[PDB]
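Single-structure report; data block below.
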Protein chains: 2
Amino acid sequence: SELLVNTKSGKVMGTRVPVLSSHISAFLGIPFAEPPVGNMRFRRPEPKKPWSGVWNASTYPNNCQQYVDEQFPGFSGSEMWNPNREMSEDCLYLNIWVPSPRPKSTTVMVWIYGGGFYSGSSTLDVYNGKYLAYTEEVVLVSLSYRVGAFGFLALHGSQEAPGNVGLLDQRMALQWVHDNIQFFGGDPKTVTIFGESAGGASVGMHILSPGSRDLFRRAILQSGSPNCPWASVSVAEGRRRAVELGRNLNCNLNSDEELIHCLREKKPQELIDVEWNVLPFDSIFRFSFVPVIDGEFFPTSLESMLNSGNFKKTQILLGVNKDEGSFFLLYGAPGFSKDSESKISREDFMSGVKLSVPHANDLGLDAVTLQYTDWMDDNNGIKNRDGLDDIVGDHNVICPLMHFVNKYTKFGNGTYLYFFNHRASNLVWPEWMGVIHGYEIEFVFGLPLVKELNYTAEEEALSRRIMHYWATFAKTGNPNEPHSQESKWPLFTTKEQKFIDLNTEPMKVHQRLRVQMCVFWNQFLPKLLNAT
Amino acid sequence: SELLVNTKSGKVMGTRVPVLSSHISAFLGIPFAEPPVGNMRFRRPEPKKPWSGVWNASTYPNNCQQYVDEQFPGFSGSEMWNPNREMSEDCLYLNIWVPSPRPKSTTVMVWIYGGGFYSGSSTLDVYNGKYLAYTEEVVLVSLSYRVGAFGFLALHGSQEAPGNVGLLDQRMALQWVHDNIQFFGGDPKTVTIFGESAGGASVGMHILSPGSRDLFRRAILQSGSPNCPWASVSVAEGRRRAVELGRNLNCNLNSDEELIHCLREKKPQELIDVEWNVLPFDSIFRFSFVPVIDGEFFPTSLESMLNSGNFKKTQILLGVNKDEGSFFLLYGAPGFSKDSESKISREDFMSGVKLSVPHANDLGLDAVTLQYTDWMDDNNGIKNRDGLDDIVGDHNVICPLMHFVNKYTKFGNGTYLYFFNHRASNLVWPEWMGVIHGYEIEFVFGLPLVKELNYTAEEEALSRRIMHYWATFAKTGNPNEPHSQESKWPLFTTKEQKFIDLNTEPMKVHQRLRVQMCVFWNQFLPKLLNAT
Ligand SMILES: O/N=C/c1cccc[n+]1CCCCCCC[n+]1ccccc1/C=N/O
Ligand SMILES: O/N=C/c1cccc[n+]1CCCCCCC[n+]1ccccc1/C=N/O
Ligand SMILES: *[C@@H]1O[C@H](CO)[C@@H](O)[C@H](O)[C@H]1NC(C)=O
Ligand SMILES: *[C@@H]1O[C@H](CO)[C@@H](O)[C@H](O)[C@H]1NC(C)=O
């Protein structure tokens, strides 16, 4: 049977799924680890005990325990990101979409979900791997990993809650793919890991970490890089937040062993309810439990690793969206709201700057304000709104990705950079938010090919073109087909720093993506904060 | 006789001078002070002893002792600024141009020469008052004052060299005008003091200083303001430079009395030869002997005076030129020269920044560089050249004048601001220097009306229009003729901050003159330097 596969862990039984009036196989909900419950909460993942008999892989698994967005109930815009299955701490599963008939050795892509390390599910409609698998004839995997305190509570020195275990969750899933994907027709020699947001930063983290490098071939990063200011913390800061979390739930705090035990007796929701109370500053685009610079997973600091060339050398394809910041300002910054144009007063603009750069002294805050204020027209509500959108996007996502890409290219074997700026015709969010964090994903997964979702024809064409770029890059290390008449996405080089737009218009090459602002975030401001 | 005038100091005999195929009277070389020679070197001026008989006022007087530009011998561009008479320490004289027939009570304008407080003469061709006097029917005075160490050597606490005596030279000349100009047909109630560069800053200084306010009615400032970073020093810094000057000439340094005596035995040229050796930094647009913040002439610091409204309240007309910096970079900055386009390398640009902001730490220098660098095109020789031109202009002249004008307007009785950007058709300096420091003066004094000087017709028209603005403002406090059909130079206000261009094209109003750069020089950078 095409739906029966014998792996090293035991036999799995999948299901036939319809896609664009054809069909393909899906193996959903395969475990790659022992359920991390009870005394194994906060702990490193263990490999899954092999099973006898046939594992039923016909339905999606549980989503990991996580915060649930309730700002706009019934609103698809926010709820498309929420878990669509029951939540459980028993959530370490992966899903596979396989072409029909079964391939022998074809290119593999493994997806890693975003969600600020505090949220995410492999099972969301926008992550459905069937269109990609079917259209490009690739084996599509989607993994899962613990988020929140469950994934990232860090008491360094203690082996009961070391930190980074959600990254090791990802690593164990890549190990399983390495080991077994051949039985599904995947080529273990040609695995591309890709991810958006925290998943993009995760991809970058596996590139850096020695323990992860050998388990994938190449990598795509969407709107995220490992050096993002929100993607990691020192061991001291992690310790502090873990202690404060215990302080919020009335734990004994005299020893690591006392704290951890107390935290293990709590029900999942008690941890989720107080999770946001541990942040050190009044901030946006900051998350409580994130990867920690521990000296095991990351041997030294991220910057010294990037300078010395201490990372996997291979091809990378990556980029950003036009308006990365709007999602975050909407939720947290005064003056912004979903159903108005959100024209921002000068007073709200400055409140905005404070929340967006929480770690900055007064001089730093002035430096930023000056850099994004048009002093000819300082009380223009639209210019204030958009400038603050640009600040949050540049600081959090674009300038950290640009620092990474410039550093990586010095040592790497080929870089391809994009700037995604198509505003989708059917977007439910308001005009002012622009091209939002996470809204390139639907084009990457081929949702525009489904007619009932109401995209234009040129949006279908864009989606196909992006899928073929992504898949051709996974297959060869180059998104272009050599010998074809279409426009050439040029290689990014240290010298010329070229990149393309991704949108419905004929492609354009440009150079030095937001260099004037990123010299400010990546060189000047940090120097200013170190002197003062 | 029309050429004989009886003043309070004694009788004066002038001369009839031809102008634009008519004639007028000129009283040249009238003394207003005792010659400041011998023991009176470095000292406050004394009033001139009245004379019996008739003072011959038919020829220009001596120019004060000063440094003489020799960079381009025979080149009119540089030599038009040099002294055209014999130099002497016996130089305290003034000159008067009077319409024919003699007026009774008409508007008076008294000119104060620039030259960085280290140079200047009342007697230069470009300062010839006859065209202005004749064309607008005003009595035109031009004064003189000691420059260099002779005018500004400052040993505070000592009455032998107190500092600021060159400003008191100006004050005594304004006193003489107050007292006597009526006998020449001038209205002592309607005196306008005007000046360029150090003379513009001087004008501003008489507005601030209590001792000077009552001696003039209103004021014009061209490319200079009292708060310019080069226009004054602390008493400690003045003391240091006076000591270092004495150290350069082998003086006994054990007491003020010893130093001053030693300096008084030296010939003028010995002081001039070592004058530049006392500057604290490697710099441009900085001068050795300048006004000192002494607590007598200036009661408190310039900034506290500007904040509290401690100054004469009256009308002011003022402005700047497009390319104020080029003159200074030519003379002192590596990569610039008179006979090339002076395209500047990135390395020379940074050398430039260091010399232009000599008092800044490394963080400050970076802040400036970032602000004036296009990071898309950082090795564009023209953009580097022009950016450095703009830095020197903005820091030295434009942003300090803009801070002054904004502060003054809060308390003042009417402000009129211009931006002069006509590149003269007959200019001998190269294209790259643009609209240079000091090249609006020729339009103010009417040289374009003389055919043999080879200006265009529209340049004649511009000159006349500027002269009539200047003269109508001196007469009424408003450069416009109410009830006339010509375009209206609008009042500058705290709210709307309006200003005009001065050039051959139809006038345009704009707002907030170089506000984006001047917020940087006047707010951010000083705050950055105070924290670090
Ligand atoms: O961090 N990445 C999140 C993500 C990534 C891809 C797609 C969708 N998202 C949902 C994030 C939008 C809303 C941000 C919500 C942050 N937040 C959560 C809980 C409580 C408060 C807040 C923010 N307060 O300002
Ligand atoms: O300060 N204002 C001077 C002025 C004003 C109106 C018209 C003409 N000028 C001549 C100044 C140009 C050249 C600057 C010369 C400065 N300088 C003098 C002596 C020795 C060295 C230097 C400069 N070295 O970099
Ligand atoms: C990648 O590496 C191969 C083999 O080592 C080399 O020949 C090629 O030039 C490299 N490509 C780039 C873009 O560096
Ligand atoms: C100047 O002062 C006069 C008289 O005090 C006043 O009436 C007039 O409004 C003032 N003008 C300005 C521009 O402030």
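Naming scheme: A, B, ... for chains in displayed order of the structure tokens; residues 1 onward per chain; ligands 1 onward as shown.
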Which polymer residues have any atom within 12 Å of an atom of residue 443 (chain A), counting only C-alpha atoms, with same-chain residues fewer than 4 positions away left out, as a ChimeraX atom specification?
/A:126-129,131-132,420-424,438-439,447-450,455,458-470,502-504
Please identify every polymer residue within 7 Å of ligand 3, using only C-alpha atoms and all ligand atoms, and present the set as a PyMOL selection string.
chain A and resi 412-414
Go ahead and save the residues from that selection, with C-alpha atoms, as a CSV table (one decimal), in the first residue's frame.
chain,number,residue,atom,x,y,z
A,412,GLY,CA,29.0,31.3,2.9
A,413,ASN,CA,28.5,29.5,-0.4
A,414,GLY,CA,25.7,31.6,-1.8
Could you build a table of the residues in chain B lying no more than 6 Å from ligand 2, giving for each the nearest pair of atoms and their separation in Å rounded to one decimal place, using only C-alpha atoms and all ligand atoms, ordered by chain and ascending residue number, as CSV?
residue,atom,partner,partner_atom_place_in_ligand_line,distance
B:81,CA,ligand 2,8 (C),5.6
B:114,CA,ligand 2,5 (C),5.3
B:115,CA,ligand 2,2 (N),3.9
B:116,CA,ligand 2,1 (O),3.4
B:197,CA,ligand 2,5 (C),5.9
B:284,CA,ligand 2,25 (O),5.1
B:327,CA,ligand 2,12 (C),5.2
B:328,CA,ligand 2,14 (C),5.0
B:331,CA,ligand 2,25 (O),4.9
B:332,CA,ligand 2,25 (O),3.1
B:438,CA,ligand 2,6 (C),4.7
Interface residues on chain A facing chain B, 10 Å, only C-alpha atoms, written as a PyMOL selection string:
chain A and resi 363-364+366-367+370-371+373-377+511-520+523-525+527-528+531-532
Please provide the set of residues having any atom within 8 Å of residue 160 (chain A), restricted to only C-alpha atoms, with same-chain residues fewer than 2 positions apart removed, written as a short mmCIF file (atom, residue, chain, number, x, y, z; two decimals) with C-alpha atoms, in the first residue's frame.
data_model
loop_
_atom_site.label_atom_id
_atom_site.label_comp_id
_atom_site.auth_asym_id
_atom_site.auth_seq_id
_atom_site.Cartn_x
_atom_site.Cartn_y
_atom_site.Cartn_z
CA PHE A 42 11.28 21.59 31.33
CA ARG A 43 13.67 18.84 30.34
CA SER A 158 20.58 22.74 36.44
CA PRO A 162 18.72 23.82 31.23
CA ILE A 260 11.47 23.56 39.38
#
May I have the residues within 10 Å of ligand 1, computed using only C-alpha atoms and all ligand atoms, as a VMD selection string?
chain A and resid 67 to 71 77 to 82 113 to 120 196 to 199 223 to 224 230 to 231 272 275 to 277 282 to 287 325 to 334 355 436 to 439 441
